[PDB]
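Beneath this line is the structure, given in structure tokens, with notes to follow.
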Amino acid sequence: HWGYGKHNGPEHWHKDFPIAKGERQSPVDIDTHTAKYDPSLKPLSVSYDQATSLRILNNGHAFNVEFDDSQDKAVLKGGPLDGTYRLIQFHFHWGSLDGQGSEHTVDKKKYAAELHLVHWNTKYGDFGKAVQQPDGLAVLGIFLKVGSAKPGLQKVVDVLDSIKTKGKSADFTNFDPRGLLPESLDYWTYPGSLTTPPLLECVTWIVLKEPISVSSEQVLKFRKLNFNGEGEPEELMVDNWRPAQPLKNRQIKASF
Ligand SMILES: CSc1nc(Cl)c(C=O)c(Nc2ccc(S(N)(=O)=O)cc2)n1
Ligand SMILES: [Zn+2]
């Protein structure tokens with residue numbers, strides 16, 4: 001199966017998932033000087049006040065914090081988007097070292113990690129249907145740099161010991177994802193894809209300009225997770241990021 005190792009990593013994915021070499025793959029490098037300010041772009045509407053988190057799962061690639069998406073509870077609208085997108089899960093990508101881990105890069109700069117808040121377009125009724133549509137998903141990407149701790153991240157960090165290995169889950173109710181946002185909602189946006197198999201070209205990417213700061217201890221604890229299942233040799237869950245892909249025939253737009 002696909003993963004992040006030398007034998008099953010990003011360079012291999014195209015064999016099972018030929019769309020890996022497609023026309024709108026993610027992530028990409030964001031060249032800040034080439035991104036054009038689009039005055040037609042609206043402010044981003046992030047409405048997470050009624051978010052209902054349920055569970056946290058180690059899926060063998062990262063960990064997902066899952067939400068109740070059976071009602072309009074936590075929704076993303078505005079910005080480049082037409083309509084309403086429901087929050088289904090968030091997860092992170094991170095490195096073995098503070099100098100790598102993000103999927104998107106900014107003028108080739110790699111951040112220590114990247115948070116993805118995954119939302120699906122309600123006009124398609126469910127997530128499975130949404131991923132089959134060019135405008136099916138909106139993923140809000142937020143960079144993490146190492147510095148001061150992010151207090152709103154600590155509840156996530158502290159539960160990781162209970163989901164160390166692939167397939168483990170834990171109850172994760174009453175988590176407020178508003179605590180993971182930076183101050184500014186200034187963003188870049190472009191049409192792209194899922195950054196893991198199946199690599200479907202169904203995502204409007206919205207990447208925030210302002211990173212959040214997390215502590216070295218917080219990211220250290222991400223790095224204690226395992227790709228492997230319980231009772232299997234330990235493979236630390238690190239470097240679970242896909243490199244920047246060719247921009248091809250795309251423009252990145254800036255809201256600012
Ligand atoms: C990771 S296993 C996996 N498998 C399947 Cl079958 C799907 C189906 O959609 C999926 N979703 C997914 C959602 C968001 C992102 S990202 N990194 O672009 O935000 C990547 C994968 N992930
Ligand atoms: Zn992701």
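Each chain in the structure tokens gets a letter, A, B, ..., in the order shown, and its residues are numbered from 1; ligands are numbered from 1 in order too.
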
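When DSSP is run on the backbone, the residues of region 161-239 of chain A that fall into strand (DSSP E or B) are residues 169, 170, 171, 187, 188, 189, 190, 191, 192, 203, 204, 205, 206, 207, 208, 212, 213, 214, 226 and 236 of chain A.
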
With only C-alpha atoms and all ligand atoms counted, collect every polymer residue having an atom within 7 Å of ligand 2; state the result as a PDB file with N, CA and C atoms, in the first residue's frame.
ATOM      1  N   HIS A  91      -6.505  17.352  10.015  1.00  0.00           N
ATOM      2  CA  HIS A  91      -5.307  16.575  10.279  1.00  0.00           C
ATOM      3  C   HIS A  91      -4.114  17.465   9.974  1.00  0.00           C
ATOM      4  N   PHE A  92      -2.921  16.941  10.237  1.00  0.00           N
ATOM      5  CA  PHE A  92      -1.686  17.661   9.990  1.00  0.00           C
ATOM      6  C   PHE A  92      -0.736  16.818   9.147  1.00  0.00           C
ATOM      7  N   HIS A  93       0.242  17.504   8.561  1.00  0.00           N
ATOM      8  CA  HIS A  93       1.428  16.896   7.968  1.00  0.00           C
ATOM      9  C   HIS A  93       2.615  17.530   8.667  1.00  0.00           C
ATOM     10  N   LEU A 115      -1.545  22.290   8.882  1.00  0.00           N
ATOM     11  CA  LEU A 115      -2.867  21.859   9.295  1.00  0.00           C
ATOM     12  C   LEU A 115      -3.812  21.974   8.113  1.00  0.00           C
ATOM     13  N   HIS A 116      -4.599  20.919   7.902  1.00  0.00           N
ATOM     14  CA  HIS A 116      -5.618  20.880   6.860  1.00  0.00           C
ATOM     15  C   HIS A 116      -6.979  20.671   7.471  1.00  0.00           C
ATOM     16  N   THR A 195      -3.795  15.749  -1.344  1.00  0.00           N
ATOM     17  CA  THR A 195      -2.342  15.587  -1.340  1.00  0.00           C
ATOM     18  C   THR A 195      -1.916  14.163  -0.998  1.00  0.00           C
TER      19      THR A 195
END

Spatial neighbours of residue 253 (chain A), 12 Å, only C-alpha atoms, chain gap at least 4 places, as a PDB file with C-alpha atoms, in the first residue's frame:
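And here's around.pdb as it stands now:
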ATOM      1  CA  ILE A  30       3.359  29.640  -3.474  1.00  0.00           C
ATOM      2  CA  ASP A  31       5.522  32.226  -5.195  1.00  0.00           C
ATOM      3  CA  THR A  32       4.380  35.325  -3.292  1.00  0.00           C
ATOM      4  CA  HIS A  33       5.599  37.791  -5.888  1.00  0.00           C
ATOM      5  CA  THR A  34       3.732  36.030  -8.733  1.00  0.00           C
ATOM      6  CA  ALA A  35       0.463  35.488  -6.837  1.00  0.00           C
ATOM      7  CA  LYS A  36      -1.895  38.239  -7.927  1.00  0.00           C
ATOM      8  CA  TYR A  37      -4.064  40.211  -5.583  1.00  0.00           C
ATOM      9  CA  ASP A  38      -7.656  39.628  -6.622  1.00  0.00           C
ATOM     10  CA  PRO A  39      -9.899  42.482  -5.386  1.00  0.00           C
ATOM     11  CA  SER A  40     -12.936  40.357  -6.328  1.00  0.00           C
ATOM     12  CA  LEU A  41     -12.021  37.790  -3.630  1.00  0.00           C
ATOM     13  CA  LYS A  42     -14.249  37.954  -0.561  1.00  0.00           C
ATOM     14  CA  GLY A  79     -13.527  33.786  -0.174  1.00  0.00           C
ATOM     15  CA  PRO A  80     -13.196  32.041  -3.523  1.00  0.00           C
ATOM     16  CA  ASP A 186      -5.616  36.643   4.633  1.00  0.00           C
ATOM     17  CA  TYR A 187      -5.118  33.811   2.163  1.00  0.00           C
ATOM     18  CA  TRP A 188      -3.886  32.460  -1.131  1.00  0.00           C
ATOM     19  CA  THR A 189      -6.148  30.261  -3.233  1.00  0.00           C
ATOM     20  CA  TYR A 190      -5.785  27.950  -6.219  1.00  0.00           C
ATOM     21  CA  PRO A 191      -7.490  24.852  -7.684  1.00  0.00           C
ATOM     22  CA  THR A 204     -10.260  24.522  -3.787  1.00  0.00           C
ATOM     23  CA  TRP A 205      -7.185  25.255  -1.681  1.00  0.00           C
ATOM     24  CA  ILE A 206      -7.278  28.184   0.711  1.00  0.00           C
ATOM     25  CA  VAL A 207      -3.901  28.638   2.391  1.00  0.00           C
ATOM     26  CA  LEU A 208      -3.615  31.219   5.169  1.00  0.00           C
ATOM     27  CA  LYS A 209      -0.705  33.632   5.001  1.00  0.00           C
TER      28      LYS A 209
END

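CA of residue 182 (chain A) to CA of residue 60 (chain A) spans 27.9 Å [interatomic distance, one decimal].
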
Per-residue nearest contacts of chain A to ligand 1 (10 Å; only C-alpha atoms and all ligand atoms) as a tab-separated table:
residue	atom	partner	partner_atom_place_in_ligand_line	distance
A:2	CA	ligand 1	2 (S)	9.3
A:3	CA	ligand 1	1 (C)	9.0
A:25	CA	ligand 1	18 (O)	9.7
A:26	CA	ligand 1	18 (O)	7.4
A:27	CA	ligand 1	18 (O)	8.1
A:59	CA	ligand 1	2 (S)	7.2
A:60	CA	ligand 1	1 (C)	8.2
A:61	CA	ligand 1	1 (C)	6.0
A:62	CA	ligand 1	1 (C)	7.3
A:63	CA	ligand 1	1 (C)	9.2
A:64	CA	ligand 1	1 (C)	9.1
A:88	CA	ligand 1	13 (C)	9.3
A:89	CA	ligand 1	13 (C)	8.3
A:90	CA	ligand 1	19 (O)	7.7
A:91	CA	ligand 1	19 (O)	7.4
A:92	CA	ligand 1	17 (N)	7.8
A:93	CA	ligand 1	17 (N)	7.7
A:103	CA	ligand 1	17 (N)	8.5
A:114	CA	ligand 1	17 (N)	9.3
A:115	CA	ligand 1	19 (O)	8.3
A:116	CA	ligand 1	19 (O)	5.1
A:117	CA	ligand 1	19 (O)	6.8
A:118	CA	ligand 1	19 (O)	5.7
A:119	CA	ligand 1	14 (C)	8.7
A:120	CA	ligand 1	13 (C)	9.8
A:127	CA	ligand 1	9 (O)	7.5
A:128	CA	ligand 1	9 (O)	6.9
A:129	CA	ligand 1	9 (O)	9.6
A:130	CA	ligand 1	9 (O)	8.8
A:131	CA	ligand 1	9 (O)	6.0
A:132	CA	ligand 1	9 (O)	9.0
A:137	CA	ligand 1	14 (C)	8.5
A:138	CA	ligand 1	19 (O)	8.7
A:139	CA	ligand 1	19 (O)	5.9
A:140	CA	ligand 1	19 (O)	8.2
A:141	CA	ligand 1	19 (O)	8.0
A:192	CA	ligand 1	18 (O)	8.7
A:193	CA	ligand 1	18 (O)	6.2
A:194	CA	ligand 1	18 (O)	3.3
A:195	CA	ligand 1	18 (O)	4.1
A:196	CA	ligand 1	20 (C)	4.7
A:197	CA	ligand 1	4 (N)	6.2
A:198	CA	ligand 1	6 (Cl)	5.9
A:199	CA	ligand 1	21 (C)	7.2
A:200	CA	ligand 1	9 (O)	7.4
A:201	CA	ligand 1	18 (O)	9.5
A:202	CA	ligand 1	9 (O)	9.2
A:203	CA	ligand 1	18 (O)	7.5
A:204	CA	ligand 1	18 (O)	9.9
A:205	CA	ligand 1	18 (O)	8.7
A:240	CA	ligand 1	17 (N)	9.7
A:241	CA	ligand 1	17 (N)	8.3
A:242	CA	ligand 1	17 (N)	8.7

(message) Counting only C-alpha atoms, which residue out of A:21, A:123, A:110, A:223 sits closest to residue 239 (chain A)?
(response)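 Checking each candidate against residue 239 (chain A), we get A:223 as the closest.
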
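The nearest approach to residue 228 (chain A) among the residues A:45, A:173, A:245, A:58, with only C-alpha atoms taken into account, belongs to A:58.
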
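We find CA of residue 109 (chain A) and CA of residue 87 (chain A) to be spaced 27.8 Å apart.
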
(message) What's the separation between CA of residue 48 (chain A) and CA of residue 84 (chain A), in Å to one decimal place?
(response)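 Those two atoms sit 12.8 Å apart.
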
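Distance check against residue 181 (chain A) using only C-alpha atoms: of A:76, A:149, A:142, A:252, the minimum falls on A:142.
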